[PDB]
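Asker: Questions regarding the structure given below will be posed in turn.
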Ligand SMILES: *[C@@H]1O[C@H](CO)[C@@H](O[C@@H]2O[C@H](CO)[C@@H](O[C@@H]3O[C@H](CO)[C@@H](O)[C@H](O)[C@@H]3O)[C@H](O)[C@H]2NC(C)=O)[C@H](O)[C@H]1NC(C)=O
Ligand SMILES: *[C@@H]1O[C@H](CO)[C@@H](O)[C@H](O)[C@H]1NC(C)=O
Ligand SMILES: *[C@@H]1O[C@H](CO)[C@@H](O)[C@H](O)[C@H]1NC(C)=O
């Protein structure tokens, strides 16, 4: 803010963010990216953390190969996690009847909750890899885009405590609402 | 029901050498862990993720793997390296261990 | 972190046992397990208890005979197992279990263990 010309001044106005988010009648799912790698998505009560690397922790032979949201009930004991996972996959674009399925764990297994999707840019699943890349770009402002075109690349989502330093941005929330169709926000 | 076969059962190396331990599976396994045990004691975790060293292992131990076959490697071993090693996989329940390999110093 | 065990010994082939196993770590944020080592050096997992005692698992070789329950208030574990058999004579270890690596859930701090004999 300084004098420009002879009687005119140049000054700026910045809009608050915490008030708008805490003031909405419903609860909004918010996306965040901390440091330069750690992606985060917080729904109602699911504070999911997303990372990318070429580590295969799940295998098709011994797992649950989720193809439909009905089978998702066999993974977690809490409905909020199921809602968050299903709607995130719907928002990125995963129409469940024409696409490869994705792998999760049986709930009775004593190894927590986790879901992972392979998006390696190889011959097979190349189209799925590009579609997921576009979805990630649209759903995250400055996408780091790890696991460049090479041997392997698998994304993993796990439940962690929500960190109290994420910049509560709202562009990503708007894109999540726009891409996600028929998303029902509670409260 | 994944089964694990270790090779070889008995080792007798030289006071400072490079040794390898082979661990094959029945079916494909993604990740594998290595545990170490001394006679008259309890096993202690040594390698996790087939590539991650344990908290407090000298920088001469290493691991590798592919599909069904995994390997453990010691670059330059000393007398303290004379003990029993166990494979472990936790991909399909029940989690299964190896048959155990004993390594001794000549 | 330290762990102690008690309740082992010699029992007739057909009795029932209650084995007791923690200090140092809050242990309310860790999931634990019990494993067997036969007189020949062979290992096998027999009990696995989730951080919350809501989920508890045992394999076929102990299904219907081995149960494990943790008293969080005392930071202890009681494993009750009936129908003693000769093949179930071995060393028993109680071991912690935590995440080492963003995705790896592996056993930690295997305890001293106690001896169970059938004769
Ligand atoms: C996610 O997708 C990737 C895409 O690469 C999967 O890796 C691929 O796994 C297939 C399994 O059939 C490999 O095909 C075989 O590979 C070799 C030659 O590369 C050979 O054995 C056969 O001729 C056959 O082509 C494929 O190569 C492999 N891709 C790479 C780059 O190695 C990956 O497994 C998927 N992840 C999950 C969790 O399902
Ligand atoms: C993430 O950022 C926080 C806050 O600055 C920092 O303390 C932490 O070390 C960072 N972690 C990584 C892995 O960069
Ligand atoms: C584990 O969950 C899967 C997923 O549906 C199911 O098929 C399987 O029967 C479950 N395991 C047990 C032991 O019930």
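Using Swiss-Prot numbers, chain A covers 61-247, in order.
Header lists the method as electron microscopy, 3.8 Å.
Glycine residues also receive a Cβ, built from the backbone N, Cα and C atoms like all the rest.
The disulfide bond feature in Swiss-Prot is assigned to A:92-A:226, A:135-A:164, A:207-A:213; the stated evidence is experimental evidence. As annotated by Swiss-Prot, N-linked glycosylation site applies to A:95, A:105, A:166, A:178.
What's the neighbourhood like for these features in this structure?
Answerer: Residue density at residue A:226 (disulfide bond): 16 other Cβ atoms are found within 10 A of its Cβ, drawing on all protein chains shown.
Note on residue A:95 (N-linked glycosylation site): other Cβ atoms within 10 Å of its Cβ, all shown chains, come to 6.
DSSP assigns residue A:105 (N-linked glycosylation site) to coil in the three-state reduction, placing it in neither a helix nor a strand.
Summarising the environment of residue A:164 (disulfide bond), the number of other Cβ atoms within 10 Å of its Cβ, over all protein chains shown, is 21.
Secondary structure from DSSP puts residue A:166 (N-linked glycosylation site) in coil.
Classification of residue A:178 (N-linked glycosylation site) by DSSP places it within a strand. Every protein chain shown contributes to the tally, and the Cβ of residue A:178 (N-linked glycosylation site) ends up with 20 other Cβ atoms within 10 Å.
DSSP assigns residue A:213 (disulfide bond) to coil, not to a helix or a strand. The local packing around residue A:213 (disulfide bond), expressed as other Cβ atoms within 10 Å of its Cβ over all shown chains, amounts to 20.
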Asker: Just to be sure I understand: of A:92, A:95, A:135, A:164, A:166, A:178, which recorded positions have a C-alpha no more than 10 angstroms from the C-alpha of residue A:213 (disulfide bond)?
Answerer: A:178
Asker: Return the members of A:92, A:105, A:178, A:226 (the recorded positions) with CB less than 6 angstroms from at least one atom of ligand 1, or none.
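Answerer: A:178, in sequence order.
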Asker: So if I take the recorded positions (A:135, A:166, A:226) and measure from each Cβ to the nearest atom of ligand 3, which come out below 6 Å?
Answerer: A:166
Asker: How long is the line from the C-alpha of residue A:178 (N-linked glycosylation site) to the C-alpha of residue A:135 (disulfide bond), rounded to the nearest angstrom?
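Answerer: It is 18 Å, counting Cα to Cα.
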Asker: Distance check, please: Cα of residue A:166 (N-linked glycosylation site) against Cα of residue A:135 (disulfide bond), rounded to an integer number of angstrom.
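Answerer: With distance taken Cα to Cα, residue A:135 (disulfide bond) is 5 Å from residue A:166 (N-linked glycosylation site).
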